[PDB]
Amino acid sequence: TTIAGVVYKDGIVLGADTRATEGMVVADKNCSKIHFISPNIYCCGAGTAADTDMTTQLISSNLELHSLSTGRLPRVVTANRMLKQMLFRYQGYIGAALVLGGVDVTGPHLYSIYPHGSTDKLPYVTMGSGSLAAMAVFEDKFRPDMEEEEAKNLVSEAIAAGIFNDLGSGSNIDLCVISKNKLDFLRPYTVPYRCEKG
Amino acid sequence: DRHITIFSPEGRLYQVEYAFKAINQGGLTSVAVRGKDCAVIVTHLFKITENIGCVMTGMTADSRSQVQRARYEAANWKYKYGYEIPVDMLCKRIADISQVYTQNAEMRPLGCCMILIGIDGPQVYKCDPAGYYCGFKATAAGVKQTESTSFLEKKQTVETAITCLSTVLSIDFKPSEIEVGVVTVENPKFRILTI
Amino acid sequence: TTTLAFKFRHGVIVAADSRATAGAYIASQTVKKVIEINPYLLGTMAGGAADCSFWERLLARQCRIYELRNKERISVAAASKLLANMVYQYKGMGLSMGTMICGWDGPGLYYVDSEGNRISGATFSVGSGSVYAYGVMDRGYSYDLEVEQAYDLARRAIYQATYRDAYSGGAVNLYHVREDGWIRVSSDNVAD
Amino acid sequence: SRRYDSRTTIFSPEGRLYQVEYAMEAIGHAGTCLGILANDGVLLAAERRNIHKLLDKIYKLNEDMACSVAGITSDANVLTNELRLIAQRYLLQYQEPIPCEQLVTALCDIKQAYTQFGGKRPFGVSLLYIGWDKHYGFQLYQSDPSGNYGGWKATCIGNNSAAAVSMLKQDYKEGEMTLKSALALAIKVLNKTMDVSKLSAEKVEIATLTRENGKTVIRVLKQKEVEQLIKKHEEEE
Amino acid sequence: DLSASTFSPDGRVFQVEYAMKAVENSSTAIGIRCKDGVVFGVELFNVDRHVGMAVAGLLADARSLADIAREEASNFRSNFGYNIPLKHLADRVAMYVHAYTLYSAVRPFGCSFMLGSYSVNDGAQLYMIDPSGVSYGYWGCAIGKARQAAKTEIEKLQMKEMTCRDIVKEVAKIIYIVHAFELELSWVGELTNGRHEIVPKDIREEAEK
Amino acid sequence: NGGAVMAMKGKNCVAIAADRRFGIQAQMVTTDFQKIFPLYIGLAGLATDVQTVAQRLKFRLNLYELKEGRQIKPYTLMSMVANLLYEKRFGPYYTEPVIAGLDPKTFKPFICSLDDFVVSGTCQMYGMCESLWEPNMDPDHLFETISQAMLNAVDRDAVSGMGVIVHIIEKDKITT
Amino acid sequence: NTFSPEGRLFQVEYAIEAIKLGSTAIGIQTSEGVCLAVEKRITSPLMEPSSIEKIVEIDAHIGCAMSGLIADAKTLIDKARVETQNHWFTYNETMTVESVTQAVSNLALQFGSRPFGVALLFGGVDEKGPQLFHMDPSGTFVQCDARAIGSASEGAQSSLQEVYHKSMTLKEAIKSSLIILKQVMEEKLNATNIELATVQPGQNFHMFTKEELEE
Amino acid sequence: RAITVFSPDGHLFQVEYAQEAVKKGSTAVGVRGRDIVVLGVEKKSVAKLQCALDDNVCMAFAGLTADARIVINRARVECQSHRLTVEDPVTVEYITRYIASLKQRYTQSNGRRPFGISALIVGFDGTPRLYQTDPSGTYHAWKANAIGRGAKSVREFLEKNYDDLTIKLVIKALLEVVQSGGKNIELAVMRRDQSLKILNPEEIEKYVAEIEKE
Amino acid sequence: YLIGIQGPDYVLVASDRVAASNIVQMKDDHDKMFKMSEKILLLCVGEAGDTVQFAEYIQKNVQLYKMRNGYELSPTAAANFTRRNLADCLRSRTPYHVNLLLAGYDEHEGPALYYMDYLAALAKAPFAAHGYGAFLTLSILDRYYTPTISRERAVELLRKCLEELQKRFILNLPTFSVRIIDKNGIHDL
Amino acid sequence: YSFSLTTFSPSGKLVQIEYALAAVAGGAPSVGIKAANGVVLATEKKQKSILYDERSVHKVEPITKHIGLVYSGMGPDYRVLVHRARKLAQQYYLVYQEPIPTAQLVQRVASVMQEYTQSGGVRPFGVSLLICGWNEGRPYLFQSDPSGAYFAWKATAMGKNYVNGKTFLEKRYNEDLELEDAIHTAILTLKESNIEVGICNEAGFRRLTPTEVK
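Residue numbers (our numbering), protein chains in the order written: chain A, 8 to 205; chain B, 476 to 670; chain C, 47 to 238; chain D, 2 to 238; chain E, 222 to 430; chain F, 3 to 178; chain G, 10 to 224; chain H, 1338 to 1551; chain I, 906 to 1094; chain J, 235 to 448.
Printed below as a string of structure tokens:
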């Protein structure tokens, strides 16, 4: 359950793994987690997948209503502020946490957002079950001044660190670039007897 | 008939136009000019947000209710989103609640034209008790509003506004009579010019 | 807190011991359990003391509002039923009692527990001592019973209950609801 | 304030509510419609409001029941919505499809409440109910625009309801109709009610309610069939 | 025209004006902003310890606005701590005064009242609130029956450097000229330390003298 | 309680299957208890929730199906129950719905579950079917794999079994 | 709601006019006992002669005759019974007639939707002995000695004015109502043309049987 | 807004208008037959293209039927609610009291108008009881009563004339005074413990033909 | 304890006549019969008022329907109705603890009895039982019962089940209120 | 208030709604055509004072991924109506997860406009608006009006001189026409009676790009 993000020079490479487990059994070996809040902004989720999916749908309808109304593509901080509030109000009944990344003319922002409602932008963030293992690799390896393509070589290995070392997290890496230059979804991205009839 | 907001046989709300006539009988004559770099307003100056101001024009009492509503919404914006409400969004929302007066027959249109100024470049929105809002380029609202609009159409920004009020109300002012508010590119802080 | 009741061809007799207690201290031995609602039908009190008074005050009130409005008597079936409904609402609130509706209608005896157990039998004893009171009760009880023999039966069965139940002491308090209605048939002592 | 209120729940000195009388007259402005019961099925002809070229009323209350809406369109939609809700709530807890007579009583309770209290305008729209409730077989009901309902063997509603229904008084013989006779009489009366001698395919549309092989099915007629009935009409003339 | 929500065609609601007439009847109150303090006089309410009020227009309604102003001062002291500024108090009470004008059901106020307050930062402040909910600061105010008639003598005064000490007599003097007159006077200036308080009885007796 | 919910998608035919039993505790009540309610759905978990969600869903679905004679898309149905159950996230009903059936007129299968094949229920199944699944089966085959997975997972399982129902949805035929 | 320019309310004075189309009712107070009396108010012959009723019990000690709008009366009557039993439940004493009447007066003009048209005559023998409180629909109760309420009642008022007696005997006071009801009525009074109810100092309130009425 | 504000007459507007509204209803005859109750209604207006609240209580409303069912539904909820609270079923009198209280309520209310019906509530206790209830909320016991259009003339027809014979009364009032209708008339005798029971038109011919002989 | 059998042209249901709080039974006449229509018959084991506070609450609706619609509900229809109520009460403040058998006989759908869990788990039952004596009895009835039977034979099949509740079970439930439902409608036995 | 300002005329006409149709008669002309590549909607707007803005308040406001509106009537009323239309669309997306069918959004919004013809203290919406949409294989062109009656169209017109605009639309155009070719009839029917325009196709809803409007 290793989700991650990094703020590279032109934006944010979000990264995710395709697994969701109901405890000790994998129920979904191709789980979509880098949910599209908006074409500009995307949000990975971790913790309970139900809370994360549904809360992301709520903020999606919300953000897409505000941008639909102004006709101006929404800011990242806006997304974060309503997320801060949304995850605060329940006071831990929404126990699923979110890594929002987006770009607005104001440029890149990537806030890890803990399920009690702390929003903290930082150059690297990780979350999920795999986060400890992932963040040590993001700490050791992340450098400011990193380029655009090397982030692909920085989140695929970091998420891979959570794929092997952890047992909640596994399966194909998803990697979703955020830049005003281009958006990229790479849905399945990185791969690291017959019961005879009649 | 002409008392409860309902449509006339001409498809025309009587109480709404009565509110426009009430704005004209408020006796004030506001003008604003959108320069490239500055957004003069002149007349009742208000500071709806530290980055946004507006001048109400009409019934004096009526102005304050919508001023407070504008501050309520402007503050609530930042509370849910976290950036200055655009001038367009603020004018849109206040217009949307002024329509409530019109949709409901219980309560009555507040007669105050609302000339917002502020930089989202510079903006000069109008709002009517109708619930209609639009960005002008050089608005005026008030008594001699039509006589000013010609002079605006014919058309340094501060000069445009001040000579417009001078020529159009046909009176040479004292500085206390003309309250003036500027919002320069470098000064998004709403500020009374202070000629 | 024993309150036997049984019906037979010449009446319904309702006897009750007069002891009331808090802890192993006995606050009084004076209470008459058979709280009145109606000249010709009557209550009981088992379980907590305050509950029965209060509920049967509400019962007496509602029976009175009914008798005025409907302009007829409230029946033992109806009386117990309104009672049973009213005590149900406070089920899980610990308002525990073992009130009984008795009265000539033929005779009607309906035991009415606090959890809403409005059951119609003919022969009851309610309370702590009931298990004692029951065993004596069945042994003399017949529907073929004289008003006097029944008086003795109610008194023996209460007397044998109070003899063993630590929390039941005090004098036997018969009420006899015959055809006409109730009378304070005996209030006589146990310490005889 | 309340000085404006015209009441619209008032009771009049002639002894007949104002809005109820006005609701009856709103329907006369409404276009012709008619439903015709038979011993095997229940027809519902209706006339598409105008023939207008560049435009590209019966609804599915259930699959075993359906309504025709006559008096107005904007209100009708809300009526149909409430009908679908009542029917599907009844299907929710009782787990059997609503019997049609009941569904009519429910909507007529909702209608009656608007006259009785609240100072709100009543729905002015007379309805028909074609249906096949389990307990009675095929049935047709008409809802006056105040609460009423009348199980009818054939009825018309809309413009010239009076001439049309009176025409069916003697022209609908009792308890003899195979569905074939229902189509014949339908096409007759809808033909006679309009000033157009025969009617075009952009005029009639007929939802026949037919017990389709042990699963009752409502079907709007397919226009090619609508035109065989009309083409038969041209020779019925 | 007779109902408040309706506008008369010309541009006003006549109900509000009929409610305005009520204070045009009642006798003159006269407060005077001064080099320190506002001497209210009315030929008084402790809105707060800080703030004084001098009502005019029918008294019945005036007390309710007094009580609302006391409530407003208290909510401000609790939520914010610090004693309410008059420039905000006027605007709040005036807002509440304004709400009536806007809806048919409640009637506009009859009153108009000059609340005033001496405070350290602001200095003296003398705001009068109309039943429309139009509040302005003043240098002098006088409302009532002798409305411009008092205004000519407060115009004759030039407080800007008159002390509060002359004014405690002068309010009563203006009252006597426009005016038998029961006299009331108030002092709110820094000698009174912003404690809204009636004039000391000897000076008040002298003032009538 | 519970019950098992087999579901499997091989070729346009959409398999789904279920045990027909439920237990009051560890005692079987009925050897016939419907779990697959007709684009089909098979709920398992509590019986109270099985019945509650089946009722509530058919209601919400019929309001739509009358409002448009347009048949429901499988994805929208998935959203329908997804939203319907997430409304109780404070009091969540315990039942696991696994829809299976065609996307209208394109004859395209859509199976899914909600908190290849999707198994859910009290079960035994996820490890059993996974390497047996063939990505192409005629219904004749599809019945065979799902019947094996069903019978083998469930005969072992204590609280499921004692009757099997198998719908292999196809436009051409729906075998049981 | 509108106080007329002449002071007093409109709907109330119209409700007072509604009493004039209400049954005549004498409200005798003997100092022995209470004797509420009312014309049957029957006009129709196949309308029952023993199921029509005018005077209702409230407590065992308070009777309650009614006049004006007969349907409206029963709401205030039922609420009066609820009040009295509530008094019994809280204080175990029975509610005296002064407060039984007062509680009903409190509800009388609570229209913020329309006033009741009823005149009421509570009669209850309470520890003071006989008491007879008339209740106007203006929300005004008043202690009485003899007040007759209703339509030909003004003539019954003035008739009472000569015959009212210091003290009074129970049976003699009853005979007064039996004679005056013949005058106020258009027809010759018959025991099926009156419904009398009496409360002797010691008894609980009794609807009077007809045979006794002929005498 | 208060709707039924008193007139300067002392009358109530909506109420008297409602009294004239039941007069437009059809002639709901009833009589409390000594044996059993019998009641009936008339003027169905047959185009040929065309209550019981308990097993004791039954109803024969006149007025506008649109309102009448709406009254009876609430009355039926009241019957069943009473059977659960008192053990025994509701008596006819208690029904009459509630319906009368219910009708009264809407006059003293905001925005409501009196129910325009005047119900002939009827029912066994096993003694017949034949109440009238009118919009005002007045309810009176009767032994004969008939409310409807021309029903007043029928009550007078009864007054001068007051199983087969009670049915003869119910028919006779209508087949002499009101228009002769072998289908318009729908009398229903209620037997003592058999639920109110209509007859087939041919069974009504016991007197519908015998009156032709009389 | 409650027992139910589905037969060719009947539904057979029977009930122990008992209740006990404490060590003693306080009645042996207690009717776990809750007859509600001519051919719709609840039988409710369960503790306290909830069994009858529910039973009657259903009854008055089931009856209210019959007056208001002029016809009687199906055994299935009544079953799904009570099922709905129990599901609502499970999530409620008051979850009733009533285990009931809704016997009934539709004419054109035929005889049907339904087991209903307290939680609310309706299921059609070929034969069923409730209570705690259900653990004992259901095996006898499951072994013995066939598709055919007769009402004459139903009596023997039921009499054999009575033996289990005395002979092997701890509690004494001594009289059984046997009753049938047949096209004719309900009869006591 | 609580009392509706909509009440029938003596023959059953909703006077206030008819007056709302008069308000539709005002407002600048609108036009909309279903062509076969995609619908186009367009409207007159004017400089008026020459100090205005043209991108401030388009009458052409997107509602959902491929729906849009164009209004005729009062402009103030449109601003809020659009808001509720967007509410219904986004609410539908979170429940159903597909952008709502054109026909359904028109229906739901029609119900909103119907509520005020029955709801207390409110007048009916003056605005009438084309609601043009394209789902699946079909371009949808709808007309909602003040009473909440709505119709799908193949070509339609609104505002001033719709009366002639519709006439041109049935003779100058029929069947199908490639999208700019069916814009030919827009620009030339609108001519009968500054301008904003917006088109649908299958390219995400779209405002006809300003350089190419020219």
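From the three backbone atoms N, C-alpha and C, an ideal C-beta is built for every residue, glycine too.
Chain A contact for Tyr327/J (CB, 9 angstroms cutoff): Closer than 9 angstroms: yes.
How would you write the range of the beta strand (DSSP E) that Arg1449/H sits in, first residue to last? Judged by DSSP secondary structure, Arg1449/H falls outside any beta strand (DSSP E); it is assigned neither H nor E.
Determine the extent of the alpha helix (DSSP H) in which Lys394/E is found, giving its start and end residues. 385-399
DSSP beta-bridge partners for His116/A? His116/A is bridged to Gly109/A.
To test your reading of the DSSP string, which unbroken alpha helix (DSSP H) runs of 4 or more residues are found completely within the stretch 20-95 of chain G? The qualifying runs do not exist here; there are none.
To test your reading of the DSSP string, which unbroken beta strand (DSSP E) runs of 3 or more residues are found completely within the stretch 42-105 of chain A? 49-53
Rounded separation between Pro98/D and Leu35/D - CA only: 25 angstroms
On a CA-only basis, which of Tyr23/G, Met75/G, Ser147/G is nearest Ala157/G? Give me that one, please. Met75/G
If you measure from the beta carbon of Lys225/D to each beta carbon in chain J, is any gap under 9 angstroms? So, not an interface residue.
List in chain order: all unbroken beta strand (DSSP E) runs of 3+ residues lying wholly within the stretch 21-57 of chain F. 24-26, 29-32, 42-47
Length of the line joining the Cα atoms of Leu222/G and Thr105/G: For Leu222/G and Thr105/G, the distance between alpha carbons rounds to 29 angstroms.
Give a yes or no on whether the minimum CB-CB distance between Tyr1001/I and chain K is below 9 angstroms. You won't find chain K in this structure, because its protein chains are A, B, C, D, E, F, G, H, I and J.
Along chain C, which residues have their Cβ under 9 angstroms away from the Cβ of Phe98/G? Contact annotation for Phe98/G against chain C: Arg103, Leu104, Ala106, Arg107 [CB-CB distance below 9 angstroms, chain order].
Nearest-angstrom Cα separation, counted from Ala507/B out to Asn395/J: A straight line joining the alpha-carbon of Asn395/J with that of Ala507/B spans about 36 angstroms.
Could you give the uninterrupted runs of the alpha helix (DSSP H) lying entirely in the stretch 81-135 of chain C, keeping only those of 4 residues or more? Complete alpha helix (DSSP H) runs here, min 4: 95-115, 122-134.
What residues match up with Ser214/C in a beta bridge as DSSP calls it? BP columns for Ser214/C are empty, so no partner.
Residues near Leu322/J by beta carbon distance below 7 angstroms, same chain, minus five either side: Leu339, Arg342, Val343
Supposed contact pair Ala158/A and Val20/A - C-beta distance, whole angstroms, cut 8 angstroms: 4 angstroms
Short of 9 angstroms Cβ to Cβ, which residues in the stretch 566-597 of chain B face chain J? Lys567, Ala570, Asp571, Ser573, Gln574, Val575, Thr577, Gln578, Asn579, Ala580, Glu581
Just the Cα atoms here: how many angstroms apart are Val258/J and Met392/J? 8 angstroms
Under 8 angstroms from the C-beta of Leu969/I: neighbouring residues of chain H: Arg1413, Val1414, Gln1417
Need the endpoints of the alpha helix (DSSP H) that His30/D sits in, please. 19-30
Residues of its chain near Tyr324/E, where Cβ-Cβ distance is below 8 angstroms and the 5 sequence neighbours each way are ignored: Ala225, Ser226
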